[PDB]
Each structure stands twice: as C-alpha cells, then as structure tokens.
Amino acid sequence: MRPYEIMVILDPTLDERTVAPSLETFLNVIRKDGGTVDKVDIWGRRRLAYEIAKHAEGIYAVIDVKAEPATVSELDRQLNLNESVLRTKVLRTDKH
Amino acid sequence: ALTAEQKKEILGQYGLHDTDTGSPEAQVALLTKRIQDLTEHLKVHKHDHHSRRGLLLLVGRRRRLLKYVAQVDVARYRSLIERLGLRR
Amino acid sequence: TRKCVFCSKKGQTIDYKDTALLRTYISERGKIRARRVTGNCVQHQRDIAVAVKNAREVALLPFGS
Amino acid sequence: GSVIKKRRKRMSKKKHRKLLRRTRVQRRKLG
Amino acid sequence: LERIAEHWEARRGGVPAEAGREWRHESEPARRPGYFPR
Amino acid sequence: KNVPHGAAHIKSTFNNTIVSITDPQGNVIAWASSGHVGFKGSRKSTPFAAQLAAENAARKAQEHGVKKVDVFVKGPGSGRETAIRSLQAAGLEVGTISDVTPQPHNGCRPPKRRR
RNA sequence: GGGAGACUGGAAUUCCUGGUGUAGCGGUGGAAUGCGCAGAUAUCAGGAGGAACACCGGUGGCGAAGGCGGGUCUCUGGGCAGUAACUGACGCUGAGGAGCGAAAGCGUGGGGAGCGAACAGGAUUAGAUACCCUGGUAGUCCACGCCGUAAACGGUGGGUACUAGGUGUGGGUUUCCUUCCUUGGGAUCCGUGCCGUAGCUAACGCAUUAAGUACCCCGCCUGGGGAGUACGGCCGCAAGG
C-alpha cells in the first residue's frame, strides 16, 4: 500500500457542485479494494496554459490516496474511460 | 531485492544462531531466494540483459560459497544442498 | 557566485503544483533557466526541471509562450 | 602512426573484396 | 595545368563557406555593433 | 472591403522574402514577394528586394483601408528589420513586433550537411 | 539518462479537407531540372500519421563494455557512505568455454512522416559513373530471431601495496569559525578533470586515475611485402567471420 497523488482535469462545462460526488463514487473502487484511504481536494475552474481537447478552462482536482499499485492503475484506467475527465496524472508521493 | 521481513525470516530459518547473518548457510539461502526472484522476473522480461548479468554474478557468488562450505565440512554441504533443493 | 535557495534550512520543497515557485525558474520564453544562472545544486536543478516538465504536462505552465 | 600503413592495408582489403564479389556465383557453383 | 585550372571547379573548395565556422583570409568579417554586447 | 486593423506576416528565408498583409482572422488581403517586384535568382535574397516587396505590399494594403498593422516576423535574418522599416515608411503604423519562428523540440531529421 | 514493459504529452515536418488570396515559388557561387497558374508559395481553421524528444544539458551522472536523458506507473541490477552486528582467508587471475556486444547487413510479419545508399534527371567539367540541385527505392522505426565485426581507442588486461604537492568538480559522513543563513573552513571515504615534483621514456610525454617502484595470473610480438591471403577445418540463410 503505497501513497499516491492523482491530479485530474475535468471539462468546465459540467457544474462544480456535482464534481465532489462524482469523484467520490469513482474512488469507491480504491476504497472497497484494500482498505484504502483518500483525501480529496478540489480547486477547479482555472484556465489552462494551452488548449486541451477543444477546451480553454478546466476543473482541477487533487486526490491523495494510499492503495495497492494494481488498485490505482484500475482507478486510472476507469478515469480515462470517462468522458468528463480531460487529463489525469498519477504521482508516487514516496521517495520516488 | 528482498524486503527486510523476508530477510529476517530467511535468516531466522537458516541461520546458525539468532544473530549470524554472514554464515555461508545464511548467505547461500539469501542468494537462493534472490536468484529465484530474479529468474521469475526474467521469465517475463526476456530482453533485460543488464539484470541477467547481475543474476550471473549472484550465481557465481553462491557457487563460491558452496565450494567453501563443502571444503570446510561435507556434512554441512549435504544438509544445505538437500534443504535448499539444489543439484550441485 | 549565488545561492541554492533550496539547500538552505528554509528550502521549500519542489512541487509541480505550486506554479509561482516554478515560474520564477523559467525565462520569459518559457524555457528552463540554466543552473549557473540560477545557482542551485545539481539535485535541485534536476528536481526543478522535472517539476517544470510535469507542470507543463498538466497545462499549468505554457509550452514556450 | 602514419596513415600510410592503414592505406596499404585498406587497398589490399578493397581489392580482395572486389575479387570476392566478382566470383561469387563461380565459387558457389564450384563449392 | 592541373594546378593552374582556376575555373569554378578548381576554386570551389577554397571559397569561404559557412557563416561563423572556419576562417580564411578573404572570409567576410563579422559585423559588430557600436556598444559592447553585455 | 474595409479592414482598418490587420496583421502583417513577413517570411524571410535565405533566398527570398514574402510579405502578406492579413485580416486578423487570418485572411490574406494583399501580398507581395521579392520576385514580384522584378528580382529573380540570387538577386531576390537581398535586403533591398525585401524593402521593395514590403513597400509594394504596404501600398496594396493601404488602398484596401488598412491603417494599423502588427507584424509577425519569421525565418533566418535576411531583411527582417529592413522589411519592418519599409512597412513603417510606406505609411503604415506598426503596433507590435513578434518573432514567431517554428522551433522544433527535436523532431524530424535535417538534411545532410553540404560540402 | 543503469535495464525491461505498459500507458501517455507538446513543439515541428509532411500529407488531406475547407476559407482568404494572387502570380510566382523553390534552389545555388551562379543557374537549371522541379512545383504553380486545373489556383501554387503565403495565411487561417480542422484532421491523419510516423519519427525524434528544444530549454534543463556540462568535458556533469550511470553502466563491464557496446551504450544510456519527453512524462508517469510497474518490475529489476549495480555502486557509495556510516555502524561495525555476522562468517572467518571463503581471495586474485583464468587456458579452453559461455554470455553480452555500435552501425551496416540478413529472415519472417507490420509500419513508413522526415532523411536517404542504389536509381533518375539538372548543373559544373576536357571528361563527371562525384562534390552542388530537384526527385527518390532499400534502409532508418516496431515484434521475434540471425550476424559477431569498428579508429569496439585512454590505440594503456586484471588485482594489490607504496611514492611531493596545488587547484576545479560529483556522491556521503563528521570537528571547529558560527551568522550556524554561507563552496565558512577543516578532516575523512569513494569518483571525475587540469597543472605539476621525484622517477621513467628514443622522444613526445606519463606522472597517486603512472607509462614510477614491486608482487601474482592471463593475452600477444619477433624485419617489410606476399597476407589476415590460399589450402583444410568450424560457424553462418547469406554477406561473410
């Protein structure tokens, strides 16, 4: 169970009020998998440096998660399949 | 390489007493575990030649340690060979 | 010459999230500044370059505006 | 060392390779 | 006669080339501003 | 038409220079080339030819109603400053100068070196 | 930037589509082949694809060598420092042998943007099977295998001990100026450069990273051509080694 930091960008079209529940049900895969803990932080509605997928603004979200490598890859795979997620990136907050 | 708990368990099992880590028995057991892990890894990454060189180095070191243990005392050599499932 | 502001006892950690801390390390063209101009140590220079690249990858810094 | 020796060796090698190329099928048929 | 040729093929290797690479007697001198670069 | 504010694009290569005054939406309304003003061969890489092309393009923009322009220079330096100066001198107000030269991030292989 | 796998980013080149838009563009020492007038080059928007990863980035890091830098994640090798807990000479070298080994090349299957052997024209020339220009196929890329060579060079085999110093730089431990911010400075261990003693060398130079002083083991040399060739053999699909 290694600690991870996940940053996602959601298209600004959707309301910021539904972002928190939508991520919350997304992280249910990591939660029920292996007794894993998240700390979701949202600072959205920022214009991007360059245009992404025909979009200039984006909603930024930072997720801090402690889970197994297989679990996190599963969450990352699911997030990219969803169309409301423009981009995502997984970091290891360990020494790496 | 192995984690601290695997090393602790192997050393407790094969060690001559509860403190030794440099006995040929303990060294050979740890090398055998490392070599098995490396062989499993190389079964997937066939083209990882750099790690294969390290595998060869470990194999040579274990062979030398076994040579020493056989020359010192043959009974210990036989016991170690039978316990670790090695050929030579 | 100059000071590695990160080796000091107050050296802030280098992250790809804090944009301003990186913006101070790139030139007006968006290029990464050299080590001799900046003055930080080799490890911190590598950390800065990696953080800048990561920030660019998530559209926090322009790719050479 | 002077490159003259390298030049002599390279000319010998080049001539031999040319000779080998000129008689490839003949050598194959005789061997 | 070989050394005298003086047509283009005989003087194409001696004509200065590049912009800053290599220097020759007839190479074009670099243009310099009035103020020191700094 | 009547386009009061437009954009000027100058492309200065090593053997030519092309000026095209452009409507800010990207449409070209008047263009002049180094070979369009009577130069050919190596003659058209000279700064004087760049000046002539810039002046011709500036005039052809001016009767179209273009009064103020911003330039986007590009290419190895041959007549860029001369072209901008001739743009100004032909009765055109030059707002901003921007160098937009395509800079690859190490992609594609350059041709082999000449000898 | 040690290696392997998977996923992924942006700039640029090319092409395709649609606007604006005209008569040149392209290329050179100078031109011509070439492209365009059936709408080119230029400019804008959109799309497809492949390859390489600007700045960071150096005589800086890692690797036995070949070599290795876009980002992330997974798996994995080695090194160094300190403590010195453990074993107690278990070391070194290594004929043969085995493995790895740039590029080119070869086989099977994909891919193919740019570059580009061969090949076509143009030009230069007395002649151009070339240099320069316009095109351009293998190849370059990927998967799995062959090949086994390089100025594969530090043209310097490996291990060990000793022999003035000075000064850069990378990694780590520590005492004292102490603000403790500071390459403060020192000491120490491990690297990597430059300059320089003694000594060595035909000389050039090397010089604590030895080409100095010695010990152990291995490879190799015995005038130049003929020739790393013939013959025989082994390996290879072949090239060939």
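- Per the PDB entry, chain F carries the name 30S ribosomal protein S11 and comes from Mycolicibacterium smegmatis MC2 155.
- This entry appears in the Protein Data Bank under the title "Cryo- EM structure of Mycobacterium smegmatis 30S ribosomal subunit (body 2) of 70S ribosome and RafH".
- The UniProt entry for chain F carries this comment under Function: "Located on the platform of the 30S subunit, it bridges several disparate RNA helices of the 16S rRNA. Forms part of the Shine-Dalgarno cleft in the 70S ribosome."
- According to UniProt, the comment filed for chain F under the heading Sequence similarities is "Belongs to the universal ribosomal protein uS11 family."

**Regarding the interface of chain C and chain A**
Reasoning step 1: Taken residue by residue, the interface counts twelve residues in chain C and 13 residues in chain A.
Reasoning step 2: Roughly 1,000 Å² is buried in total at the junction of chain C and chain A, and carbon and sulfur atoms are behind 64% of that figure.
Reasoning step 3: When the buried area of chain C at its contact with chain A is split by residue, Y16, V58 and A59 of chain C rank highest and sum to 46% of it.
Reasoning step 4: Applying the counting rule to chain C against chain A returns one salt bridge.
Reasoning step 5: Between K89 of chain A and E57 of chain C there is a salt bridge, with the nearest N and O atoms lying 3.8 Å from each other.
Reasoning step 6: Seen at the junction of chain C and chain A, the total is six residue pairs in polar contact.
Reasoning step 7: Considering only residue class, the side of chain C that touches chain A consists of seven nonpolar, two polar and three charged.

**Some remarks on the protein's contact with RNA strand G**
Reasoning step 1: In the neighbourhood of RNA strand G, 100 residues make up the surrounding shell, with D48 of chain B, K9 of chain C together with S33, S42 and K112 of chain F lying closest.
Reasoning step 2: The sugar-phosphate portion of RNA strand G accounts for 78% of its atoms within 4 Å of the protein, the bases making up the rest.
Reasoning step 3: Between RNA strand G and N15 of chain F, the relevant distance is 2.9 Å, taken from a phosphate oxygen to a side-chain nitrogen or oxygen of the residue.
Reasoning step 4: Within the side chain of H36 of chain F, an N or O atom sits 3.0 Å from a phosphate oxygen of RNA strand G.

**Observations concerning unusual backbone geometry**
Residue and element names in this part refer to chain E.
Reasoning step 1: The backbone of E6 shows a phi angle near 65°, a positive value even though the residue is not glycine.
Reasoning step 2: Mapped onto the elements, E6 comes out in the segment before α1 (8-11).
Reasoning step 3: Judged by relative accessible area, which is 59%, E6 ranks as exposed.

**Considering the sheet that holds strand β4 (residues 85-92) of chain A**
Residues and elements named next belong to chain A.
Reasoning step 1: Here we have four strands laid out as an open sheet, ordered β2-β3-β1-β4, and antiparallel in their pairing. Every interior strand has two partners, whereas the edge strands, β2 (37-47) and β4, have only one. Strand-to-strand, the axes of this sheet are offset by a mean angle of 15°, without reference to chain direction.

What counts and what doesn't
- Residues numbered from 1 in each chain as written, not as in the entry; some residues may be left out.
- Chains lettered and ligands numbered in written order.
- Part of a larger assembly, values for the part shown.
- Heavy atoms only, no water.
- Residues with missing side-chain atoms left out of burial classes, pairs and counts.
- UniProt positions renumbered as here; feature names shortened; annotations may be inferred.
- Contact = heavy atoms within 4.5 Å.
- Buried area = accessible area lost by both parts, 1.4 Å probe.
- Salt bridge = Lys/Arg side-chain N within 4 Å of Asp/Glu carboxyl O.
- Polar contact = N/O pair within 3.5 Å; in protein donor to acceptor, adjacent residues only side chain to side chain.
- Nonpolar A, V, L, I, M, F, W, Y, C, P; charged D, E, K, R; others polar.
- Near = heavy atom within 4 Å.
- Helix = DSSP H or I, 4+ residues; strand = E, 2+ residues; numbered from the N terminus.
- Buried < 20%, exposed > 50% of the residue type's maximum accessible area, 1.4 Å probe, protein only.
- Pairing = 2+ DSSP bridges.
- Axes fitted to C-alpha atoms, helices over the stretch in contact; angles between N-to-C directions.

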